[PDB]
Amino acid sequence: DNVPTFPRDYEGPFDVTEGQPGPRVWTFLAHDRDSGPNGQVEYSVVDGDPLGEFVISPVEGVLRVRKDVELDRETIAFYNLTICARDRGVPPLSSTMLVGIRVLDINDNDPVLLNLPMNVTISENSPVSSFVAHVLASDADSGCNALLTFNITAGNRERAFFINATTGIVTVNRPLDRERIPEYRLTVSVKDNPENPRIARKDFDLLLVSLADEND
C-alpha cells in the first residue's frame, strides 16, 4: 500500500465572494496508483470549517461552498481548510493538504454617522476657514467599500459652510451675519465609494449651526 500524496502541502489563496450561493472553488487530487481498495481515494474537509459551510465531493475532489450557503466576510474573512485524502487499505493510509480561501468583500453594510446629530455654536463673526465640527463615521466593509466621503446635501444657504470630503471637517466658507441668518440646518451625508457607485450606501443626519450674537 502506497500513501495517497498531494502535489503541494498548501494551495491558495482561492477567491470566493461573500453573498454568492454555493460556488465551486477548485479540484484537489491525491496521486495513488494502487490496485483495488488500496487505491480507492476518498476526500473530505476534516478541519477549518467551524460553521459547516464547505464540502469536497468524495470521489471527484471538487471543493465547493455548500448548496444554498452564502459566505459572509464580516463573520469570517479567511478559511484554512484541511483536506484529507484516505485510501481503503488496511490500515487506511492518508495525507492532508491546506487550502486558503479568501472571502472577497461586497458592499453589504451602510456607513454610519457616529457623532451626528450635533448642535454647534459659533461667533457670527467667525472668519472664513474657522473650525465648526468634525464629522465621524464607520463602515463594517473593507477596501473601497468602507472608504467614506462627506458632503453637505441640504440647508447650506448662500454656500455658508464647507466640508472636506476626506476628513469630514466642517468649516466656515463665506462671511456670516446673525441678523440675516441666525441658524443653519445642515444635512450632512456620508457615503462609501464602491467600484460601482450605483450600489453606494449612505447615512444622513442633522448638523445644526447656531450663531452667537456680536456687535455691528
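Note that residue numbering begins at 1 and tracks the sequence as displayed.
Should the higher mean CA B-factor in the entry be assigned to 26-34 or to 182-190? Averaged over C-alpha atoms, the B-factors run higher in 26-34.
Looking at the deposited entry, does 193-201 or 17-25 carry the larger mean Cα B-factor? It is 193-201 that shows the higher mean C-alpha B-factor.
Per the PDB entry, which option out of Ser44, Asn173, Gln40, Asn164 has the greatest Cα B factor? Largest recorded C-alpha B-factor: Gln40.
Sorting the chain's CA B-factors, does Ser95 end up in the lowest, middle or highest third? For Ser95, whose C-alpha B-factor we compare with every modelled residue in the chain, the answer is the middle third.
Split into thirds by Cα B-factor across the chain's modelled residues, where does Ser57 land: lowest, middle or highest? CA B-factor rank for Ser57: lowest third.
Within this chain, which third does the Cα B-factor at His134 fall in: lowest, middle or highest? Within its chain, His134 is a middle-third residue by C-alpha B-factor, going by the deposited values.
Please place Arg64 in the lowest, middle or highest third of its chain by C-alpha B factor as given in the entry. For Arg64, whose C-alpha B-factor we compare with every modelled residue in the chain, the answer is the lowest third.
Quick check for you: using the entry's CA B-factors within this chain, is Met118 in the lowest, middle or highest third? Its C-alpha B-factor belongs to the highest third of this chain's values.
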